[PDB]
Amino acid sequence: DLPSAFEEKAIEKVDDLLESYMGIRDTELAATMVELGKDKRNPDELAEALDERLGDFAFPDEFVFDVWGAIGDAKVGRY
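Residues numbered from 1 in each chain as written, not as in the entry; some residues may be left out. Heavy atoms only, no water.

- Looking at the PDB entry, the protein carries the name PDZ domain-containing protein GIPC1, with the source organism given as Mus musculus.

Here is the structure:
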């Protein structure tokens, strides 16, 4: 339950990207990296954040950039 379109679409899209790239999904994990990218205004830092905290997963740059993109879209209101 989040009363913001940003988080909803971003979690949604990260979840989409997860099934697309990894072939698995974890909408909670998605929310985690969304919460991180909500704070992060830098793709570079998003990558670092993912590597540092969620380095247990292997994130391709493509995925990170798409996650950044989706979060970015939602945080600018690009729907």
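The structure having been displayed, the exposition proceeds.
Here we look at the overall build of the protein
Then, number 1: The helix and strand tally for the protein stands at four helices and zero strands.
Then, number 2: Starting at the N terminus, the α and β elements of the protein follow one another as α-α-α-α.
Then, number 3: By the compact-globule yardstick of 12 Å for 79 residues, the protein fits well, its C-alpha radius of gyration being 11 Å.
Then, number 4: Taking the principal axes of its C-alpha atoms as reference, the protein extends roughly 30 × 25 × 20 Å.
Then, number 5: Evaluated residue by residue, the protein yields a buried proportion of 34% over its 79 residues.
Then, number 6: Within the protein, contacts between residues separated by at least 24 positions form 54% of all contacts whose residues are at least 6 apart in sequence. (Helix = DSSP H or I, 4+ residues; strand = E, 2+ residues; numbered from the N terminus. Rg over C-alpha atoms; globule rule 2.2 N^0.38 Å. Buried < 20%, exposed > 50% of the residue type's maximum accessible area, 1.4 Å probe, protein only. Contact = heavy atoms within 4.5 Å.)

Focus: the nonpolar core
Then, number 1: One finds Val-14, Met-33, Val-34, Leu-50, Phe-59, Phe-63 and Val-67 to be the most contacted residues of the largest nonpolar core, which totals 23 residues.
Then, number 2: Among all residues touching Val-34, those that are not within four sequence positions of it are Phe-6, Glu-7, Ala-10, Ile-11, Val-14 and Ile-71. (Core = buried A, V, L, I, M, F, W, Y, C linked by side-chain atoms within 4.5 Å.)

Some points on the pattern of salt bridges
Then, number 1: On inspection of all chains with the given rule, the structure shows five salt bridges.
Then, number 2: Across the pair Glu-12 and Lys-9 runs a salt bridge, and its minimum N-O distance is 2.7 Å. You can see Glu-12 and its partner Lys-9 sitting in helix α1 (residues 5–21), three residues apart, about one turn around the helix.
Then, number 3: For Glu-12, a relative accessible area of 33% gives the class partly exposed.
Then, number 4: Ionic pairing is found between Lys-40 and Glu-45, a salt bridge with its closest N-O pair at 2.7 Å.
Then, number 5: Relative accessible area serves as the criterion here: at 27%, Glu-45 is assigned to the partly exposed category.
Then, number 6: The network of salt bridges with shared partners includes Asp-15, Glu-19 and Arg-25. (Salt bridge = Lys/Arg side-chain N within 4 Å of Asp/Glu carboxyl O.)

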